[PDB]
Amino acid sequence: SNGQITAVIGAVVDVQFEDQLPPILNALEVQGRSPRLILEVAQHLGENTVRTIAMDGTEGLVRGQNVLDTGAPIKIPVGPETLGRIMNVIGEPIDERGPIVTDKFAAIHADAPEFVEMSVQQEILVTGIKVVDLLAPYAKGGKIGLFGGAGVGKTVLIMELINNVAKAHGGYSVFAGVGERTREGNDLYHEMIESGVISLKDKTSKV
Amino acid sequence: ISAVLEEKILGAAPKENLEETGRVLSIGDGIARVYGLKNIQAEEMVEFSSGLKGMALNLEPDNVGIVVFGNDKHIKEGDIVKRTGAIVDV
Amino acid sequence: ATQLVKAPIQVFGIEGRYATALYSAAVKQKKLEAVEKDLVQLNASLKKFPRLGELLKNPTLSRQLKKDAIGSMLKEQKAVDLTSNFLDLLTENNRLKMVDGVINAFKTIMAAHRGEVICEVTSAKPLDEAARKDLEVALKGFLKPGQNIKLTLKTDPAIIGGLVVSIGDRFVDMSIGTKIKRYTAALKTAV
């Protein structure tokens with residue numbers, strides 16, 4: 001369950017194992033990195049070595065460095081404790097608010113629901129916004145495109161969607177800033193603090 | 001004396017019927033390359049250890065490229081793949 | 001760098017590099033004939049049992065098992081330290097899958113070292129008595145002193161008659177079948 005780094009080419013790390021080869025999409029932790037480097041196995045190359053993609057920077061790595069296989073995919077913390085927090089890809093808190101103390105961890109690669117687990121009725125998710133609930137209704141499980149540029153209340157609409165769903169339906173929300181700018185992310189986080197959806201020390205967070 | 005030595009050398013390794021059985025050299029993205037399956041045919045259905053199905057599409061000199069009829073998470077490198085003996089049918 | 005006869009042949013490739021390094025190592029010491037005969041015995045043992053070759057050329061098996069099997073089958077051949085180190089170097093770099101090539105490359109040496117030039121003679125029918133010995137006499141004058149002839153004989157009725165002789169540097173097609181073929185081709189293309 002312990003391997004060694006064979007090759008380092010950009011964000012691609014080839015790591016060679018001895019006894020047990022980790023499966024695809026498993027997470028391997030580099031043992032010499034102080035901000036810990038998690039590598040996700042993308043493919044098996046044969047010869048007991050696997051090709052992995054890096055979740056963080058790669059400068060300073062040396063060949064032969066010890067990598068520990070977790071035996072599972074990237075398990076991120078989940079629960080009510082992650083509400084109002086900011087996490088990176090691997091679940092570490094990056095909002096300087098302390099550790100995320102939880103009891104539930106879940107892998108980020110799971111299976112889709114089956115054909116018998118799906119409802120035949122195409123129910124709509126009522127969101128309490130009159131123009132949305134009348135002219136362009138939101139379907140449960142659907143794909144929704146929210147347009148808007150600068151100067152329009154797109155952020156305010158997003159937070160109103162979060163607040164109305166948490167109030168009318170009792171369901172929370174998750175925001176995922178996939179490749180977002182740091183300035184826009186900081187503005188969104190401070191607007192979420194100001195408008196009360198993200199609440200510090202009150203545990204009334206909704207996103 | 002020499003023949004017994006080479007028999008011991010052969011017996012140091014496990015016995016595998018590579019004509020009808022194969023070991024997964026690499027499994028990923030629904031496509032598995034296997035060492036073995038010497039009597040496999042083109043487009044022939046195969047069964048994995050986990051119960052999944054596959055189709056032998058590429059007949060390469062070194063390995064056999066098989067497209068997996070299902071998720072590849074249930075297949076590990078070194079698993080046993082056996083021929084169904086027939087082309088893919090429904 | 002390496003002290004030798006400075007490439008008696010022109011052998012290329014990574015397997016040629018390994019064979020020339022082994023030749024240099026076995027000519028610095030007086031172990032050239034010993035390493036030649038144990039490599040011949042090793043190649044004969046690999047061709048005798050193809051299961052050993054499949055065991056060596058298996059990427060699934062670890063290299064420690066391969067070098068243990070190599071040492072086990074070299075103990076019974078009563079090998080020397082040079083060929084043991086050569087096979088350990090081959091299995092260290094995972095290049096033992098081409099172990100048939102280097103030995104063949106090592107068979108390409110000790111032909112120019114011993115002066116043996118490969119000659120191939122093909123006839124319409126196999127002949128003897130008045131043949132063979134006069135062919136050897138004719139081929140003996142084709143070499144500078146210090147060189148020998150290694151002759152391989154072939155038969156093929158498709159050449160009608162004559163002889164097809166090939167040496168390691170030149171070829172001659174003085175055969176009846178090719179002669180009448182080009183004569184008929186000339187007659188068709190001209191008349």
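Atom set for the values below is all heavy atoms of this structure, side chains included, hydrogens, waters and symmetry mates excluded. So you know, we letter chains A, B, ... as the sequences are listed, proteins then strands, and number each from 1.
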Which portion of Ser72(C) sits near chain B, non-hydrogen atoms under 4.5 angstrom: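 Contact with chain B: backbone and side chain both.
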Contacting moiety of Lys57(C), where chain B heavy atoms sit under 4.5 Å: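 Backbone of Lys57(C) only, per the 4.5 Å heavy-atom cut-off to chain B.
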Heavy-atom pair with the smallest gap, counting every atom of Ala112(C) and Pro8(C):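 Closest approach of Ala112(C) to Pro8(C): CB-O, 3.7 Å.
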Spacing of NZ belonging to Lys67(C) relative to CG belonging to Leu89(C), to within rounding of 0.5 Å: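 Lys67(C) atom NZ to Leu89(C) atom CG measures 14.0 Å (nearest 0.5 Å).
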Leading residue by heavy atom contact count with chain B [cutoff under 4.5 Å; candidates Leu65(C), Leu52(C), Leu55(C), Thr60(C)]: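 Heavy-atom pairs under 4.5 Å are most numerous for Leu52(C).
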Ion pair check, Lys47(C) and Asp100(C), cut-off under 4.0 Å: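 Salt bridge flag = no for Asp100(C) with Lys47(C).
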Derivation of the side chain to side chain donor-acceptor pair (under 3.5 Å) call for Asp38(C) and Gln77(C): CA-CA 7 Å; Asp38(C) 58 53; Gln77(C) 299 285 347; over 6 Å; no
